[PDB]
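J.: I have a structure here, written as structure tokens, and I will follow up with some questions on it.
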2 protein chains.
Amino acid sequence: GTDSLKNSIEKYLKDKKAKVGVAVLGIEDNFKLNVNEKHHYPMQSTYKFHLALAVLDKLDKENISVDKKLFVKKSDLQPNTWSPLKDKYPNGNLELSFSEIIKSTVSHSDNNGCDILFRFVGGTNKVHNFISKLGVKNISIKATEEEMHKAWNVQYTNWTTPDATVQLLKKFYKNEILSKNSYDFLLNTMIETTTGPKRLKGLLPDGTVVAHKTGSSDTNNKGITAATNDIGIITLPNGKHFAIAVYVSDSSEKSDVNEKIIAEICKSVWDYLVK
Amino acid sequence: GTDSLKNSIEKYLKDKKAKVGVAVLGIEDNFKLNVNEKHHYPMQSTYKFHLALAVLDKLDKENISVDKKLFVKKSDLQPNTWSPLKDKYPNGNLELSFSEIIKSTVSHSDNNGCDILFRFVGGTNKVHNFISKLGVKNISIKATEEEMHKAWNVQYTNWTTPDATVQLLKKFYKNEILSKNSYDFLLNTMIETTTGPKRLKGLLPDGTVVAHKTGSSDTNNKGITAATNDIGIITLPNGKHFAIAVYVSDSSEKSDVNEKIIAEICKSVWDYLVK
Ligand SMILES: *C(=O)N1C[C@H](NOS(=O)(=O)O)CC[C@H]1C(N)=O
Ligand SMILES: *C(=O)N1C[C@H](NOS(=O)(=O)O)CC[C@H]1C(N)=O
Ligand SMILES: [Cl-]
Ligand SMILES: [Cl-]
Ligand SMILES: [Cl-]
Ligand SMILES: [Cl-]
Ligand code: NA
Ligand code: NA
Ligand code: NA
Ligand code: NA
Ligand code: NA
Ligand code: NA
Ligand code: NA
Ligand code: NA
Ligand code: NA
Ligand code: NA
Ligand code: NA
Ligand code: NA
Ligand code: NA
Ligand code: NA
Ligand code: NA
Ligand code: NA
Ligand code: NA
Ligand code: NA
Ligand code: NA
Ligand code: NA
Ligand code: NA
Ligand code: NA
Ligand code: NA
Ligand code: NA
Ligand code: NA
Ligand code: NA
Ligand code: NA
Ligand code: NA
Ligand code: NA
Ligand code: NA
Ligand code: NA
Ligand code: NA
Ligand code: NA
Ligand code: NA
């Protein structure tokens, strides 16, 4: 049955000109599915989940309220990157709460908010170690968003296996990582995500709860899109949950196809688990 | 006097590690100042002005109302680029007016709106020719935003001299290019610009009217920022106007310094003209 679902996904992937990594882990039960999982996939913005974990842990441990505010300099809001915060606050030089910054960074994938938070938490190495020490191997966090935008290859240094991702998502969902309040906060923020609505969510019934974080790369001069990703936890019609991570990497396919790969793989998994 | 202002600007630029092109043209009088003007500077987002001219001309000539709507596909709203439209409409697949698209493209520098409009108007070559046929030489329009994001060098194909820019801005301000309504619309849209508030506007008195369009590049792995630009028309305290264009190119300086170069050069010009 699980083997059959796997074979269906593998057959779907046969004519897609991309390297697609898939992992699924049940939250409450023992369901497990991996496809192409031993490869290293570039995370792009999906690593803002990991960053948010480390940030909220730091706030939890050091007794810093999420309503406390950072001073966000104009130079912290750089122009040549995706940034709803910057368009909201074009002059910068203002106090913003950790709450507001994290919500933008995670739900709207702000790149400036990401790097502001890397600086707050003490750098990429802090977050890399934090994750490693949760007992999840096969995740590498090396470069900030600014660093990734400087050169095409730098994104591949921020890599993961897909099964690492869902292991981490399951530790998180069972609230094994954060305080209750920080867990509630991050989970709500992941359900509130507005990006990628035609990825994991794309072909699921209207109103399905999907707590998720997307990531995307650009396309290079050879027509390759390095990363089109979506990771999250999905609620089934009976209240149970599954963690799923899909990484469409090094793809020669157009963006509509890359998103559809995620949506169709997710639908296949959903259809199996509801049945 | 004008020669003295020039010498002041040249002296300011002596210790700045960037190639800075400057042009100023009075709108109503004969004032003219050029610095480093024979070089070719990468325009980045400043070419959305030129695009808007060609678009509004097309709408004017073909009797198409600016309130008419394009269908903006989800694939027209690409994720790895600066785009307030995309964050506003994450599902895309909706009807948006030319008005709304142009306001986002010009006032908020949306990159997706830019490329949607390049497609509407018939491509970069259409806009290149349109501009050339206004009688303004030394502007090259070759690449869309998507094309620029594929490779570092592509931005240099969209180049200008600074004096070309202010020649064009003056033709525009005197409403020699568009209908009255389209002129009014584009001018209002340029005053409504929210980007770059610490560039041309940075050191001018609060409330000074500055109709402008900014542009920025990223920084490469060698620490060079190709472009930090601002172009526009400024209203003096006595109602007269000047067109100014500043291109801080191939800069080893940090972003705060690059912006400050524009702000300080503009202030110098402002101080001269008010006196
Ligand atoms: C993250 O991968 N990025 C930030 C932003 N969001 O895109 S997302 O919708 O897939 O998370 C733009 C794309 C990408 C990047 N290029 O920085
Ligand atoms: C234009 O140069 N771009 C679009 C957007 N706006 O920046 S602006 O404020 O200088 O016009 C982001 C930067 C840039 C680009 N990299 O596309
Ligand atoms: Cl980006
Ligand atoms: Cl947790
Ligand atoms: Cl961009
Ligand atoms: Cl005009
Ligand atoms: Na594959
Ligand atoms: Na389960
Ligand atoms: Na693995
Ligand atoms: Na800002
Ligand atoms: Na706030
Ligand atoms: Na605030
Ligand atoms: Na937000
Ligand atoms: Na560190
Ligand atoms: Na690191
Ligand atoms: Na790890
Ligand atoms: Na990269
Ligand atoms: Na693993
Ligand atoms: Na969501
Ligand atoms: Na979503
Ligand atoms: Na989507
Ligand atoms: Na992508
Ligand atoms: Na591609
Ligand atoms: Na110079
Ligand atoms: Na004048
Ligand atoms: Na010249
Ligand atoms: Na969209
Ligand atoms: Na509209
Ligand atoms: Na509309
Ligand atoms: Na707008
Ligand atoms: Na053309
Ligand atoms: Na062209
Ligand atoms: Na020309
Ligand atoms: Na470029
Ligand atoms: Na010229
Ligand atoms: Na303005
Ligand atoms: Na402004
Ligand atoms: Na600014
Ligand atoms: Na710049
Ligand atoms: Na620089």
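By convention here, the chains of the structure tokens are called A, B, ... in the order presented, each chain's residues are numbered starting at 1, and ligands are numbered starting at 1 in the order presented.
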Run DSSP on the backbone and tell me which residues of region 28-247 of chain B come out as helix (DSSP H, G or I); list them as number ranges by chain.
T.: B: 44-61, 74-76, 84-88, 98-107, 111-121, 124-133, 145-149, 152-157, 162-173, 180-191
J.: Could you work out which residues of chain A fall inside 8 Å of chain B? Count only C-alpha atoms, and format the result as an mmCIF file with N, CA, C and O atoms, in the first residue's frame.
T.:
data_model
loop_
_atom_site.group_PDB
_atom_site.id
_atom_site.type_symbol
_atom_site.label_atom_id
_atom_site.label_comp_id
_atom_site.auth_asym_id
_atom_site.auth_seq_id
_atom_site.Cartn_x
_atom_site.Cartn_y
_atom_site.Cartn_z
ATOM 1 N N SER A 75 19.552 50.191 6.581
ATOM 2 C CA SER A 75 20.476 49.288 5.914
ATOM 3 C C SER A 75 20.188 47.811 6.185
ATOM 4 O O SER A 75 20.690 46.972 5.455
ATOM 5 N N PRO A 79 17.309 46.703 -0.582
ATOM 6 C CA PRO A 79 16.353 46.784 -1.702
ATOM 7 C C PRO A 79 16.279 45.631 -2.723
ATOM 8 O O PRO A 79 15.187 45.395 -3.257
ATOM 9 N N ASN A 80 17.383 44.963 -3.034
ATOM 10 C CA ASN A 80 17.402 43.948 -4.115
ATOM 11 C C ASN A 80 17.127 42.560 -3.601
ATOM 12 O O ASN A 80 17.789 41.585 -3.985
ATOM 13 N N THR A 81 16.054 42.428 -2.854
ATOM 14 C CA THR A 81 15.684 41.136 -2.386
ATOM 15 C C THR A 81 14.195 41.173 -2.097
ATOM 16 O O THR A 81 13.618 42.249 -1.879
ATOM 17 N N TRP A 82 13.560 40.025 -2.132
ATOM 18 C CA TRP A 82 12.161 39.929 -1.767
ATOM 19 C C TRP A 82 11.943 40.386 -0.330
ATOM 20 O O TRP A 82 12.500 39.798 0.598
ATOM 21 N N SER A 83 11.086 41.389 -0.134
ATOM 22 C CA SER A 83 10.912 41.940 1.210
ATOM 23 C C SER A 83 9.641 42.763 1.365
ATOM 24 O O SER A 83 9.658 43.979 1.221
ATOM 25 N N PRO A 84 8.562 42.109 1.759
ATOM 26 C CA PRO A 84 7.399 42.878 2.168
ATOM 27 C C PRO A 84 7.682 43.884 3.286
ATOM 28 O O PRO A 84 7.078 44.965 3.289
ATOM 29 N N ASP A 87 8.876 47.137 1.668
ATOM 30 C CA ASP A 87 7.834 47.943 1.055
ATOM 31 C C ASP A 87 6.881 48.568 2.084
ATOM 32 O O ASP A 87 6.293 49.620 1.830
ATOM 33 N N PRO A 90 9.524 51.798 4.041
ATOM 34 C CA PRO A 90 10.592 52.147 3.130
ATOM 35 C C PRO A 90 11.727 53.018 3.676
ATOM 36 O O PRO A 90 12.856 52.859 3.218
ATOM 37 N N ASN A 91 11.469 53.720 4.777
ATOM 38 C CA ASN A 91 12.490 54.514 5.442
ATOM 39 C C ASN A 91 13.252 53.703 6.474
ATOM 40 O O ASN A 91 14.364 54.045 6.848
ATOM 41 N N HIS A 108 5.394 35.360 5.102
ATOM 42 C CA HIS A 108 5.585 36.084 3.854
ATOM 43 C C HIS A 108 7.009 35.943 3.306
ATOM 44 O O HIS A 108 7.315 36.550 2.310
ATOM 45 N N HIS A 149 22.393 35.532 -2.300
ATOM 46 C CA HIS A 149 22.107 36.399 -3.460
ATOM 47 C C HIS A 149 23.395 36.879 -4.128
ATOM 48 O O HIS A 149 23.338 37.458 -5.220
ATOM 49 N N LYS A 150 24.553 36.653 -3.504
ATOM 50 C CA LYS A 150 25.818 37.127 -4.097
ATOM 51 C C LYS A 150 26.335 36.221 -5.194
ATOM 52 O O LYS A 150 27.151 36.659 -6.029
ATOM 53 N N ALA A 151 25.911 34.960 -5.189
ATOM 54 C CA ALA A 151 26.423 33.995 -6.141
ATOM 55 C C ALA A 151 25.583 32.731 -6.231
ATOM 56 O O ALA A 151 25.163 32.160 -5.227
ATOM 57 N N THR A 194 1.169 32.724 3.342
ATOM 58 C CA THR A 194 0.426 33.080 2.156
ATOM 59 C C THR A 194 1.125 32.634 0.875
ATOM 60 O O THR A 194 0.532 32.687 -0.210
ATOM 61 N N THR A 195 2.414 32.319 0.973
ATOM 62 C CA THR A 195 3.202 31.935 -0.201
ATOM 63 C C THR A 195 2.859 30.531 -0.638
ATOM 64 O O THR A 195 2.287 29.751 0.087
ATOM 65 N N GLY A 196 3.180 30.227 -1.886
ATOM 66 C CA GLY A 196 3.015 28.875 -2.369
ATOM 67 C C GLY A 196 1.660 28.258 -2.307
ATOM 68 O O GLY A 196 1.514 27.091 -2.032
ATOM 69 N N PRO A 197 0.617 29.007 -2.646
ATOM 70 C CA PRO A 197 -0.681 28.393 -2.437
ATOM 71 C C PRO A 197 -1.023 27.310 -3.462
ATOM 72 O O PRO A 197 -1.951 26.547 -3.232
ATOM 73 N N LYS A 198 -0.263 27.230 -4.560
ATOM 74 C CA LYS A 198 -0.424 26.128 -5.523
ATOM 75 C C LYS A 198 0.684 25.080 -5.429
ATOM 76 O O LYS A 198 0.811 24.256 -6.317
ATOM 77 N N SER A 216 12.110 29.069 -2.996
ATOM 78 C CA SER A 216 12.246 29.159 -4.462
ATOM 79 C C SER A 216 13.640 29.696 -4.770
ATOM 80 O O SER A 216 14.197 30.476 -3.998
ATOM 81 N N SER A 217 14.226 29.237 -5.865
ATOM 82 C CA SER A 217 15.380 29.923 -6.426
ATOM 83 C C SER A 217 14.988 30.662 -7.696
ATOM 84 O O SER A 217 13.947 30.400 -8.271
ATOM 85 N N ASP A 218 15.957 31.363 -8.254
ATOM 86 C CA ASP A 218 15.786 31.873 -9.595
ATOM 87 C C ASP A 218 16.200 30.773 -10.591
ATOM 88 O O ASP A 218 16.454 29.613 -10.220
ATOM 89 N N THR A 219 16.191 31.145 -11.866
ATOM 90 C CA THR A 219 16.599 30.267 -12.952
ATOM 91 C C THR A 219 17.874 30.849 -13.544
ATOM 92 O O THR A 219 18.107 32.065 -13.470
ATOM 93 N N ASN A 220 18.823 29.980 -13.883
ATOM 94 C CA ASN A 220 20.099 30.459 -14.375
ATOM 95 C C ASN A 220 20.059 30.603 -15.894
ATOM 96 O O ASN A 220 19.006 30.403 -16.512
ATOM 97 N N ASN A 221 21.197 31.006 -16.462
ATOM 98 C CA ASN A 221 21.293 31.248 -17.897
ATOM 99 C C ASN A 221 21.182 29.960 -18.724
ATOM 100 O O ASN A 221 21.019 30.029 -19.934
ATOM 101 N N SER A 255 8.026 27.046 -14.174
ATOM 102 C CA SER A 255 7.567 27.221 -12.802
ATOM 103 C C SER A 255 6.191 26.627 -12.552
ATOM 104 O O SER A 255 5.940 25.997 -11.533
ATOM 105 N N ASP A 256 5.291 26.693 -13.521
ATOM 106 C CA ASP A 256 4.009 26.079 -13.316
ATOM 107 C C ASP A 256 4.093 24.569 -13.119
ATOM 108 O O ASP A 256 3.365 23.983 -12.308
#
J.: Name all residues at most 10 Å from region 52-57 of chain B (count only C-alpha atoms; drop same-chain ones fewer than 4 positions away) and give them as a ChimeraX atom specification.
T.: /B:47-48,61-66,98-99,102-103,105-106,114,117-118,120-122,126-131,172,177-179,181-183,185-186
J.: Please save C-alpha atoms of the selected residues as a PDB file, in the first residue's frame.
T.:
ATOM      1  CA  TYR B  47      14.083  52.056 -16.988  1.00  0.00           C
ATOM      2  CA  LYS B  48      10.562  51.453 -15.739  1.00  0.00           C
ATOM      3  CA  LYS B  61      -2.840  56.089 -29.293  1.00  0.00           C
ATOM      4  CA  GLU B  62      -4.921  52.955 -29.385  1.00  0.00           C
ATOM      5  CA  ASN B  63      -7.679  54.566 -27.299  1.00  0.00           C
ATOM      6  CA  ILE B  64      -7.345  51.991 -24.500  1.00  0.00           C
ATOM      7  CA  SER B  65      -8.501  53.218 -21.130  1.00  0.00           C
ATOM      8  CA  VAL B  66      -6.088  52.829 -18.215  1.00  0.00           C
ATOM      9  CA  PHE B  98      -3.253  48.984 -16.355  1.00  0.00           C
ATOM     10  CA  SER B  99      -3.522  51.783 -13.747  1.00  0.00           C
ATOM     11  CA  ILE B 102       1.673  50.839 -13.637  1.00  0.00           C
ATOM     12  CA  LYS B 103       1.385  52.362 -10.129  1.00  0.00           C
ATOM     13  CA  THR B 105       5.656  49.070 -11.313  1.00  0.00           C
ATOM     14  CA  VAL B 106       6.674  52.740 -11.033  1.00  0.00           C
ATOM     15  CA  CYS B 114       7.474  45.631 -15.258  1.00  0.00           C
ATOM     16  CA  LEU B 117       3.979  45.618 -19.173  1.00  0.00           C
ATOM     17  CA  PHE B 118       6.978  44.769 -21.450  1.00  0.00           C
ATOM     18  CA  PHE B 120       1.801  44.160 -23.234  1.00  0.00           C
ATOM     19  CA  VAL B 121       3.731  46.868 -25.098  1.00  0.00           C
ATOM     20  CA  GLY B 122       5.440  44.308 -27.360  1.00  0.00           C
ATOM     21  CA  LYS B 126       9.549  48.302 -28.852  1.00  0.00           C
ATOM     22  CA  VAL B 127      10.437  50.405 -25.845  1.00  0.00           C
ATOM     23  CA  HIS B 128      14.022  50.962 -27.011  1.00  0.00           C
ATOM     24  CA  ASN B 129      12.772  52.216 -30.363  1.00  0.00           C
ATOM     25  CA  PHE B 130      10.042  54.364 -28.840  1.00  0.00           C
ATOM     26  CA  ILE B 131      12.574  56.170 -26.729  1.00  0.00           C
ATOM     27  CA  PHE B 172       8.344  64.406 -20.375  1.00  0.00           C
ATOM     28  CA  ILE B 177       5.399  62.931 -24.953  1.00  0.00           C
ATOM     29  CA  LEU B 178       1.924  61.944 -23.647  1.00  0.00           C
ATOM     30  CA  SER B 179      -1.703  63.050 -23.482  1.00  0.00           C
ATOM     31  CA  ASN B 181      -4.267  62.649 -18.659  1.00  0.00           C
ATOM     32  CA  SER B 182      -1.443  60.164 -19.105  1.00  0.00           C
ATOM     33  CA  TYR B 183       1.129  62.823 -18.239  1.00  0.00           C
ATOM     34  CA  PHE B 185      -1.107  60.085 -14.239  1.00  0.00           C
ATOM     35  CA  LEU B 186       2.568  59.258 -14.687  1.00  0.00           C
TER      36      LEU B 186
END
J.: Contacts of residue 251 (chain B) at 6 Å or less, counting only C-alpha atoms, minus same-chain residues fewer than 3 places along, as a PyMOL selection string?
T.: chain B and resi 17-18+224-225
J.: Quick one: distance from CA of residue 70 (chain A) to CA of residue 45 (chain A) in Å, one decimal?
T.: 21.9 Å
J.: 6 Å from ligand 35 is the threshold here; counting only C-alpha atoms and all ligand atoms, which polymer residues fall inside it? Answer as a list in words.
T.: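 The neighbouring residues of ligand 35 are, in order, residues 137, 138, 161, 163 and 164 of chain B.
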J.: For the selection just defined, write its residues with N, CA, C and O atoms to a file, as an mmCIF file, in the first residue's frame.
T.:
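Listed below is the output, again_12.cif:
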data_model
loop_
_atom_site.group_PDB
_atom_site.id
_atom_site.type_symbol
_atom_site.label_atom_id
_atom_site.label_comp_id
_atom_site.auth_asym_id
_atom_site.auth_seq_id
_atom_site.Cartn_x
_atom_site.Cartn_y
_atom_site.Cartn_z
ATOM 1 N N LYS B 137 19.178 60.116 -27.771
ATOM 2 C CA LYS B 137 20.175 59.103 -28.056
ATOM 3 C C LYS B 137 20.746 58.570 -26.734
ATOM 4 O O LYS B 137 20.496 59.150 -25.670
ATOM 5 N N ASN B 138 21.542 57.520 -26.826
ATOM 6 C CA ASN B 138 22.369 57.049 -25.683
ATOM 7 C C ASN B 138 21.545 56.436 -24.578
ATOM 8 O O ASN B 138 21.951 56.465 -23.399
ATOM 9 N N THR B 161 23.462 57.088 -20.753
ATOM 10 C CA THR B 161 24.223 58.198 -20.257
ATOM 11 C C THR B 161 23.341 59.030 -19.334
ATOM 12 O O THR B 161 22.135 59.006 -19.428
ATOM 13 N N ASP B 163 23.041 62.344 -19.047
ATOM 14 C CA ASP B 163 22.443 63.440 -19.780
ATOM 15 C C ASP B 163 21.294 62.996 -20.665
ATOM 16 O O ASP B 163 20.280 63.680 -20.699
ATOM 17 N N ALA B 164 21.355 61.783 -21.211
ATOM 18 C CA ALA B 164 20.184 61.256 -21.927
ATOM 19 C C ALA B 164 18.980 61.252 -20.979
ATOM 20 O O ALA B 164 17.848 61.591 -21.367
#
J.: Excluding residue 69 (chain A) and residues on its chain fewer than 3 positions from it, collect all residues at most 6 Å away from it, counting only C-alpha atoms, and give them as a VMD selection string.
T.: chain A and resid 95 to 98
J.: Once you have the residues from the selection above, write them out as a PDB file, in the first residue's frame, restricted to N, CA, C and O atoms.
T.:
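Result file part-v8.pdb:
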ATOM      1  N   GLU A  95      11.453  50.708  15.263  1.00  0.00           N
ATOM      2  CA  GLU A  95      11.380  49.601  16.201  1.00  0.00           C
ATOM      3  C   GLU A  95      10.320  48.629  15.713  1.00  0.00           C
ATOM      4  O   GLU A  95       9.178  49.055  15.529  1.00  0.00           O
ATOM      5  N   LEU A  96      10.679  47.356  15.567  1.00  0.00           N
ATOM      6  CA  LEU A  96       9.711  46.289  15.192  1.00  0.00           C
ATOM      7  C   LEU A  96       9.837  45.131  16.187  1.00  0.00           C
ATOM      8  O   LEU A  96      10.904  44.676  16.476  1.00  0.00           O
ATOM      9  N   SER A  97       8.713  44.560  16.567  1.00  0.00           N
ATOM     10  CA  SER A  97       8.750  43.443  17.501  1.00  0.00           C
ATOM     11  C   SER A  97       9.322  42.197  16.864  1.00  0.00           C
ATOM     12  O   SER A  97       9.187  41.979  15.647  1.00  0.00           O
ATOM     13  N   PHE A  98       9.851  41.310  17.689  1.00  0.00           N
ATOM     14  CA  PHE A  98      10.243  39.998  17.216  1.00  0.00           C
ATOM     15  C   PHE A  98       9.026  39.338  16.564  1.00  0.00           C
ATOM     16  O   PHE A  98       9.165  38.648  15.564  1.00  0.00           O
TER      17      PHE A  98
END
J.: Could you pull out the strand (DSSP E or B) residues of region 24-111 of chain B from DSSP and send them as a VMD selection string?
T.: chain B and resid 24 to 26 32 to 35 41 to 42 69 to 72 94 to 97
J.: Based on the selection just made, write C-alpha atoms of those residues as a PDB file, in the first residue's frame.
T.:
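What follows is the written file again33.pdb:
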ATOM      1  CA  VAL B  24      21.101  68.066 -14.230  1.00  0.00           C
ATOM      2  CA  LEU B  25      18.907  70.066 -16.605  1.00  0.00           C
ATOM      3  CA  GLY B  26      16.689  72.997 -15.705  1.00  0.00           C
ATOM      4  CA  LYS B  32      22.938  72.329 -17.323  1.00  0.00           C
ATOM      5  CA  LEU B  33      25.506  70.264 -15.394  1.00  0.00           C
ATOM      6  CA  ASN B  34      27.149  66.948 -16.357  1.00  0.00           C
ATOM      7  CA  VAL B  35      29.684  64.830 -14.451  1.00  0.00           C
ATOM      8  CA  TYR B  41      25.610  53.288 -16.577  1.00  0.00           C
ATOM      9  CA  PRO B  42      23.354  50.356 -15.825  1.00  0.00           C
ATOM     10  CA  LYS B  69      -7.677  45.131 -17.088  1.00  0.00           C
ATOM     11  CA  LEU B  70      -5.101  42.505 -17.959  1.00  0.00           C
ATOM     12  CA  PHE B  71      -5.467  38.940 -16.786  1.00  0.00           C
ATOM     13  CA  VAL B  72      -2.417  38.391 -14.610  1.00  0.00           C
ATOM     14  CA  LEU B  94      -6.846  37.799 -11.550  1.00  0.00           C
ATOM     15  CA  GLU B  95      -7.819  40.865 -13.563  1.00  0.00           C
ATOM     16  CA  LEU B  96      -5.754  44.007 -12.759  1.00  0.00           C
ATOM     17  CA  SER B  97      -6.063  47.402 -14.411  1.00  0.00           C
TER      18      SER B  97
END
J.: May I ask you to write as a list in words all residues lying at most 6 Å from ligand 32, with only C-alpha atoms and all ligand atoms counted?
T.: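 Checked against 6 Å with only C-alpha atoms and all ligand atoms; the hits are residues 124, 125, 141 and 142 of chain B.
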J.: Let's have the selection written as a PDB file, in the first residue's frame, with N, CA, C and O atoms.
T.:
ATOM      1  N   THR B 124      11.094  44.576 -25.186  1.00  0.00           N
ATOM      2  CA  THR B 124      12.124  45.560 -24.889  1.00  0.00           C
ATOM      3  C   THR B 124      12.475  46.360 -26.148  1.00  0.00           C
ATOM      4  O   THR B 124      12.665  47.573 -26.056  1.00  0.00           O
ATOM      5  N   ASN B 125      12.497  45.701 -27.318  1.00  0.00           N
ATOM      6  CA  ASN B 125      12.845  46.431 -28.552  1.00  0.00           C
ATOM      7  C   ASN B 125      11.852  47.505 -28.908  1.00  0.00           C
ATOM      8  O   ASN B 125      12.265  48.581 -29.329  1.00  0.00           O
ATOM      9  N   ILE B 141      17.764  49.759 -24.291  1.00  0.00           N
ATOM     10  CA  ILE B 141      16.815  48.900 -23.569  1.00  0.00           C
ATOM     11  C   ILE B 141      16.787  47.548 -24.267  1.00  0.00           C
ATOM     12  O   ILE B 141      16.267  47.426 -25.404  1.00  0.00           O
ATOM     13  N   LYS B 142      17.265  46.535 -23.545  1.00  0.00           N
ATOM     14  CA  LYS B 142      17.536  45.230 -24.130  1.00  0.00           C
ATOM     15  C   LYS B 142      16.961  44.053 -23.346  1.00  0.00           C
ATOM     16  O   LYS B 142      16.909  42.954 -23.869  1.00  0.00           O
TER      17      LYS B 142
END
J.: Kindly indicate which residue among B:59, B:134, B:244, B:262 lies nearest to residue 169 (chain B), using only C-alpha atoms for the distances.
T.: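 Nearest to residue 169 (chain B): B:244.
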J.: Do you know which residues are within 12 Å of ligand 18 using only C-alpha atoms and all ligand atoms? Can you write them as a PyMOL selection string?
T.: chain A and resi 21-23+34-41+132+135-140+159-168
